[PDB]
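Structural characterization, general
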Amino acid sequence: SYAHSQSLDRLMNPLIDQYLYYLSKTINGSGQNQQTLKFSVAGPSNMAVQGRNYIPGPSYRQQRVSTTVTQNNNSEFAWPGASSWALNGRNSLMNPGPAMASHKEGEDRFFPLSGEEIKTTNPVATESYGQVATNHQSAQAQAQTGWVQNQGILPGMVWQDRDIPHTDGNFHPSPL
Amino acid sequence: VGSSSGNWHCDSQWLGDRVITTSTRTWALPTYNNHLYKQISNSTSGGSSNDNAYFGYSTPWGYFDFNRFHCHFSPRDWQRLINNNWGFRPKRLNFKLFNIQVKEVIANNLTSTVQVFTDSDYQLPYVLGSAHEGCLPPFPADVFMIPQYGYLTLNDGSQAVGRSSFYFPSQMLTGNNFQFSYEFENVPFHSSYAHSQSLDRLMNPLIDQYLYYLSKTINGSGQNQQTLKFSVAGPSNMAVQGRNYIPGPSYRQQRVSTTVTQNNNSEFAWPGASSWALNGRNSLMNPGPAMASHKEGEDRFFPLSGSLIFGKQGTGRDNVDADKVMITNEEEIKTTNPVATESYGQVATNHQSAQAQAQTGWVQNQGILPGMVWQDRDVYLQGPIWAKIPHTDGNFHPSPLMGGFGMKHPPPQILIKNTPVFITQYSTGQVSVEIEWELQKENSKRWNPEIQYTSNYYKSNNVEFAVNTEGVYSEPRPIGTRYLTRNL
Amino acid sequence: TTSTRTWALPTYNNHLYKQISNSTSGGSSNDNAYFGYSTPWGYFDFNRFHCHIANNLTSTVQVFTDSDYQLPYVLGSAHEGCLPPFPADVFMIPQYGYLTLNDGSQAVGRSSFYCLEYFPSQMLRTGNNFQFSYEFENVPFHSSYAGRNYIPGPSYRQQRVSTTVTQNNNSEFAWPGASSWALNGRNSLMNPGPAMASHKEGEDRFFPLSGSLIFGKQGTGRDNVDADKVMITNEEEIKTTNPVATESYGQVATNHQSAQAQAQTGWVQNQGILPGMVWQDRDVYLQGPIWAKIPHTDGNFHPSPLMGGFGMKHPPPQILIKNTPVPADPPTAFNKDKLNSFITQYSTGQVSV
Amino acid sequence: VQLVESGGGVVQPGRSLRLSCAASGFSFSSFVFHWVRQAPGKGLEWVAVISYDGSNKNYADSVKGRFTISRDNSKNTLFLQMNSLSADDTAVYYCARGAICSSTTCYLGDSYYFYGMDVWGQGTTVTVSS
Amino acid sequence: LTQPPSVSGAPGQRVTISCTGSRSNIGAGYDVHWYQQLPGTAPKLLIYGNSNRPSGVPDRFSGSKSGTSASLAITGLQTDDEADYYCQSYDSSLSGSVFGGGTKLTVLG
């Protein structure tokens, strides 16, 4: 019965460098055969790359709908764009869904189709959970990434809920 | 004034299942922010990046950070631990502060006091989990400086928000002393060992299973060759055998060759790297879910942001080469955990029919599935001890991804500052912190002798974990805990 | 329930521990690379449910149980060698052997070698008897029955194989099209995998490629037998709370719509745990295993084993047994070399559980 | 003290030729022998290492299984017979004799670690080309 | 085991060559044996053992071992000292010796 005054990423002390090192720069500069590996310290200057203990809770992407209707596409996308789950050949819409921020900070005009305090530990419902490298890098092959549309549980997750059947097993049975 | 309020206690006792480590250090505390509570953000930093946008307050208080193992263990005691024991875990905490002195800029100011207290209610923002510098020095003869306390809160870009917060009886102290005792919440033993067996080789080699797998989907070469033939999963085809348990989650990291000519000549350092997004700020995934750093027999490759990287003694702050830093490998957990730079596995992406051939796809991330087992990320002599669990409606496996012990009630933050009287003033003192550790012995009946830790015996200019000719203490290499072996 | 059987225990490996790797079998492939030892000791396996020449007078039999769980536990992999389901049968006691770490067919520093003779054991002559009691740890019951707030359980999608051979695609896709997971470079198949429904309602002719349990009939051939000779189990009872193994879990949004963009969705092939999930575990069969060892590890989720039954951190201890080797006539003058000559022998007796 | 080589020729890809090393002036038995291959522009590559009496032989990775080593003590000769040559094998081959040992393991005195090759032979050019 | 692609020094000076090594190579304490060969001629063992010169070897040729990386310091450079040098050591994981990548000393006179 509250809303965090902190964000999961910002738990750091702003005044002090970590003792950790990350990978800052992979090239000396523009050229040919410049490959190198440089490391730096993460600190108040660059917070985004600092190592962190806990990562925001799971997410299952929703389609985004705007209250201003001129922004939306001119088609009947309600059902065909619905995020559903198939059971014995029966597709049930995902509602309200796993707890996720309905919108990013600053945008109240978009609301998730079948979906703002939990946004601190809970990813936004319309946003990919992150990116994941999809291949190795070679001398002849550049690094690729892709978008994480949904992500299950991972050790070290924390999440806020939204503001029990008889089965063999369940996880976090609190109702959606 | 002419009374000493504490002695210098620094030692370690080995008693039964317990180990008692006492570390005393000397500190020097100046005045931060000139006794002021000052709002800070990216806006005085310039805010050149969104994902780097922060907001908060920088406060005059300092704090004592003993959270790294190199404070409480000599490089010998760390060796005497990781070599003989399966697990350890902290039990009690005993903290003391004494022999206060106050200075004026230099002579004794004998009437000044020092404000020191702990938050046992966990009310203030907790900064001790992010592995900051400021820790007690690893070598007892080094005087250390106390780091400044400061915290962050909610923001929109640079600006604050209405939901943000701002922030106590403090015992005032040069003949006074300060002490307190803290009890750890029950946490499981850190697993300082490597499994003898691999998850996929838990089966008995000499016997068949009674389960069957489908060997042949067609008869032969031609048209209309479909048939079904089945086979006993056994020694011949160990890979296809039915299995009860499966390796833990995976979130892929971009592989990086330490030999740079193999590494691609493109700027894949940030864009290439995997991460997560929170409130439209993409943040790097570091170090991330525990995963083996590399496949068998490849030690040159490592995950881009996956493993912990320590700097060598004297290493600069920016743009240091790969030979000025230390890099830690998870190769021990390759038994039960997938490799970061490898996919989790393959699936089926469609339904086959006589018209369409079967299809597969690579799994670049996998959440939990019933029957996953895993090991967590090891702790190092240079590594953190505990981290605080966030207070949330739910969490899974609270163990902090950088390693160590996750707790909803970590050791309390110990705040200290000089009472303002302004006149240039600074205080020193003494701190003796004492932690009691529990041991888990090993009953292993394994016949062949273990991998242990050693100091290589060969003529060298200097001794490791000693002082060079200028007296600069040096930790040459990171030391993990996992040497002894267990069964799976 | 109470049970009794008659057993026969021969001499394995001529009383020798022997290093064995795939090179002894020819090497197979990368996936099949293993390293480990074979032991002369045998062990009693009664894991499955349906379980529930002149006399040498002075020859002794060695038996012990590992209740410290210090040995590799091979009883969880659903191996043959169980007590026979019919009480009048006589059966051979399986040979115990264990696997450790490797690089290919080689042995790493981590690899451990066990000598079972280094455990204290009791030695039985024909008059002597052996017994011990063991209390199960607390485990849940095994169910034997059949805007929303809860979603179905987890799913790793299996390919859909059909029982009508003509329907199937005309290609050798049996192993190449099968879901698998990667560990240290070796590709192990996903079998049977997460517990999931076998098929949609109305199609009983389709099944997961490797998800379902498959049993053989009495006297079935070891290699490449036809479909009739095997019994393919199906989980369909659990189709209520669990997704279909051959189907996608669901769909997600791939983008943000706008005036310039139509809404695009894509199929979830595999699904990690989400909060609010409820699922069923895998059913037990008369032929199926009972319990499974939980590998001693730092962390895990829902320990119930994927082949069904009861996962345990302390399952019943492995009961190890072997005959005490009796030497032949030793030569007259002393020879330091260990004795390679032994009397042909085997033992038999009664086992009640 | 002398160490020679013979048997070199033009193989062409895919075929085998024995490569033999006859040696006199020192006790053949008391020394462990090495073969070391040198491409024209590339550093010395160590092809194989055979212990005294030939009890234990440990090849390099690249050549494993496609070479063999035989040491006949009576005639004081070292024989390296190869198989399935590719064009990556075209290079000189030096017959070596190991003596010096990496210090700490000298007491164990194994077949391997005698990578010290005090003296070795004149080499012979085995050229594999179509 | 990696050596500089080229090292170059003038006559009457001090030239140094160093082969850095891996744990499987030089971490174990295995000795690092140095070789020289005049071009197109059979290679000759130079510094047998970590730092010892055998009978029939110039005094100026001296080399040592520290950490994982051995070094070889030639003093009083002579014309005859222009040739290829090779750093060998045993590699534990490989289980066979690994020679260096080769080096050509350049006498600049």
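Analysis parameters
- Residues numbered from 1 in each chain as written, not as in the entry; some residues may be left out.
- Chains lettered and ligands numbered in written order.
- Part of a larger assembly, values for the part shown.
- Heavy atoms only, no water.
- Residues with missing side-chain atoms left out of burial classes, pairs and counts.
- UniProt positions renumbered as here; feature names shortened; annotations may be inferred.
- Helix = DSSP H or I, 4+ residues; strand = E, 2+ residues; numbered from the N terminus.
- Rg over C-alpha atoms; globule rule 2.2 N^0.38 Å.
- Buried < 20%, exposed > 50% of the residue type's maximum accessible area, 1.4 Å probe, protein only.
- Areas by Shrake-Rupley, 256 points an atom, 1.4 Å probe, with all protein chains shown as cover.
- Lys, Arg positive; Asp, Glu negative; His and termini not counted.
- Charge placed at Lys NZ, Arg CZ, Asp CG, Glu CD.
- Contact = heavy atoms within 4.5 Å.
- Polar contact = N/O pair within 3.5 Å; in protein donor to acceptor, adjacent residues only side chain to side chain.
- Core = buried A, V, L, I, M, F, W, Y, C linked by side-chain atoms within 4.5 Å.

Going by the annotation in the PDB entry, the name recorded for chain B is Capsid protein VP1, with Adeno-associated virus given as the source organism. Recorded in the entry header as its title is "Fab1-3 in complex with the capsid of Adeno-associated virus type 9". What UniProt records for chain B under Subcellular location (unreviewed entry) is the sentence "Virion". According to its UniProt record, chain B has this under Sequence similarities (unreviewed entry): "Belongs to the parvoviridae capsid protein family."

Taking the PDB entry as the reference, chain A is identified by name as Capsid protein VP1 belonging to Adeno-associated virus.

1. Re the overall build of chain A
Scanning chain A from terminus to terminus reveals zero helices and 13 strands. In sequence order, the secondary structure elements of chain A are arranged as β-β-β-β-β-β-β-β-β-β-β-β-β. Radius of gyration (C-alpha) of chain A: 21 Å, far over the 16 Å computed for a compact globule of 176 residues. Dimensions along the principal axes, computed over C-alpha positions, put chain A at roughly 55 × 45 × 40 Å. When burial is assessed residue by residue, chain A has 60% of its 176 residues classed as buried. Entry remark: accessible area of chain A is about 6900 Å², with carbon and sulfur atoms responsible for 45%. One way to put it: in chain A the 11 positive side-chain charges average out to a point 10 Å from where the 12 negative ones average out.

2. Regarding the environment of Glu183(B)
Residue and element names in this part refer to chain B. In this structure, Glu183 sits in strand β13 (residues 178–183). Relative accessible area serves as the criterion here: at 53%, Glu183 is assigned to the exposed category. Separated by 65 residues in the primary sequence, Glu183 and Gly248 have C-alpha atoms spaced 32 Å apart. In this structure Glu183 touches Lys91 and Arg92, once residues within four positions along its chain are discounted.

3. Section: the side chain of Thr24(B)
Residue and element names in this part refer to chain B. Within the element layout of this structure, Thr24 appears in strand β2 (residues 18–29). Residue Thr24 is classed as buried on the basis of its relative accessible area, which comes to 0%. For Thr24, the side chain forms a polar contact with the main-chain oxygen of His9, separated by 2.5 Å. Leave out the neighbours within four places in its chain, and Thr24 touches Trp8, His9, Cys10, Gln430, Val431 and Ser432.

4. A look at the nonpolar core
Residues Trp27(B), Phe64(B), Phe95(B) and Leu97(B) are the most contacted members of the largest nonpolar core, which totals 61 residues. No other element matches strand β5 (residues 87–104) of chain B, which puts six residues into this core. With 54 residues, the next largest nonpolar core counts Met100(A), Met157(A), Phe171(A) and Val373(B) among its residues.

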